[PDB]
Structures are given as structure tokens and as C-alpha cells.
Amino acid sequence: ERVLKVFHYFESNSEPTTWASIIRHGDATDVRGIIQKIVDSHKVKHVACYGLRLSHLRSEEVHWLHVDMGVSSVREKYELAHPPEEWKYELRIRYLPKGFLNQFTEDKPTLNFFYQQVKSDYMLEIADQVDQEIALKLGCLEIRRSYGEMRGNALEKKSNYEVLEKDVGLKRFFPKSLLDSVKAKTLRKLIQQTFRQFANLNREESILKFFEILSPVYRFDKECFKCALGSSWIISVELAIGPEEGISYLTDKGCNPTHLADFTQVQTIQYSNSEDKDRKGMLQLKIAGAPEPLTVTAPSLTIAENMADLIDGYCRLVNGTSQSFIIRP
């Protein structure tokens, strides 16, 4: 019996980068058990949406650990390639229900977890590069969510503004790209003016306004994979996997998808090693009412495996099961 530190996105009054839970487990404990123990602690309704992402701290290596995998078997395997201080385990929401935001507002621990997760990704990945009107609104909205006391024109008084700027930092709400490039108090005639259009909202209306604003410049509701379809004339595409498109491919005309299969039609999921000279990842989906299986060639076995995990998650969610649709050969 050992213990495991899982970073997660359930908020407390500490600093975001320290949010975590230490879970102790046996050699029969699987990843599903780890997940239920952490969220049940927070009275989460939508347990089936959560998964466990293992990232290598010193590269781009990432493994989504399947709910059926044993934690000890997993911890034993990945500690061979790298030392324990080189791995980060985080709980993320990965499998979204159809109409997830509406369904998440009806389960507020998860609505917030998702909000935290999406905001965090937003900062670490696209906050610096985004239209600075957007970066403003999103920032204002998070201030409005934590500090429900700064109503209407209350940030225009200076003795509350400095509670947010000089000591703690504005970098908690705004990208560094924007806090540097504009002047010390041209920034706050912009913030106080921007704040006014959201000053009336409670926190839940703020969380939802956050998503409305962010979605058109950052699709957090899907995952895309560069890969190739076919068993004879292999064509390379960008697959889009998500709640409202099922399995789709991008047709160069934005993230707007062309449909391929519904999760309800996927009967079996299968992923192997590429039988030849390169180390590509293979993926086969048996689709109902379709003679040919859907064959996917991914750049690596790691990526094939991560994709199988995403598709199995939606399959489980869309039927009402805990049983995996993945098989062996």
C-alpha cells in the first residue's frame, strides 16, 4: 500500500498550482478507483466525465491512463522510463456529455472544476496570443467570480483596486502579454470600463459568460488529432473528437467538422503497433452497419492509445456503461 499525489481542479483558498489530493491505494486498485475517491470527496454527480492524465514534466510525453488499468501496474511501468519526480498526475474532465455546460450547471462541483481546468489551459496556452479585447473580458469575468463584492462602479474607487494589483498580482487574471505592453493606468481605465458590462453578474452567470466568450477562439469542447484514415489509399486528415460531432475530420475550413461516425455506432475499439519499419500507432473502430472497419494511423502508439481512450470514454458515456469497448488484437 503506497500513496499517490494527483493534481486536480477543485478550488480551495490556496494557489491554483498546489491544488491536489494524496490518495493511498493497493495492487488491485485501478484508475477508476482513484478517480471515484477524489471526486466523491467533493460530492460530484458526473463521475463518468473524469479521467487521469499522466504527463512527463521534462518533455511533451503524455499518457491518458485508462479507467480499467491498475494503478500499481501503471506506476511500475512509467517509473521505468523516468524517475517519480519527473511525473505529474492530474485529474481532468475529458469526456463531455452531450450539452455538457447545461448539464454541468446542475452539478456545481463539476461546473467549477471544468471552469478551473479550462481557464488554466487558457492561461498556459492561448492567453498571450489572443485579441486583447478577449483577454480583457475573460480576466474581468474571473475577478467578478471570486470577488462578488466589487459590484457596478466599485472598482473605479482606488482603495479596492490596489488589493488586486501591487501585492498579490494582476497576473492571476490577465496574460503577461497584456500587463506589460500597455501602461500602468491605461490598463485600469480599460479594466474598469470593461468590468462594467459584467459587473451585475453572479458567479455562475460569469462562468457561463467566460465559456461563451472563449469558445470562438479556443475550442475546449473537443480534441483534434493529426492522423490518417484508410486501409488501402491512406489519406491524412485532422480528426475532431467531441460531444457534438462524434468522430469527425476537419476540412481545412476551421475546426468546423465533417461527420464520420456517432459514438452510438462504435461497437469495438482496437489499437496496436504498426507492423512495419516505422513506429506508428494503429487504431481500428468496428462501426455498426458499416462493412469496413474505420482504420486510423497515428504518428505513434502513444497517440493511438490516447485516442482509443478518448473514444472509449464517449462510448461508455453515451451507452450507460462502466464496461470498456476496447479489445486485444
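The first residue of the shown sequence is 1; numbering continues from there.
- Stretches 126 to 134 and 155 to 163 differ in mean CA B factor, with 155 to 163 having the higher one.
- Between 207 to 215 and 250 to 258, it is 250 to 258 that carries the larger average Cα temperature factor according to the deposited entry.
- The PDB entry gives the largest Cα B-factor of the residues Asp221, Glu90, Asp180, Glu245 to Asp180.
- Set against one another, the Cα B-factors of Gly33, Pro291, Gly26, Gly281 in the record reach their highest point at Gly26.
- Among all modelled residues in this chain, the alpha-carbon of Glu238 has a temperature factor (C-alpha) in the lowest third.
- Per-chain ranking of the deposited C-alpha B factor places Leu80 in the highest third.
- Among the modelled residues of the chain, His46 sits in the middle third by CA temperature factor in this PDB entry.
- Ranked by C-alpha B-factor against the other modelled residues of its chain, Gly99 falls in the lowest third.
- Per-chain ranking of the deposited C-alpha B factor places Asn306 in the lowest third.
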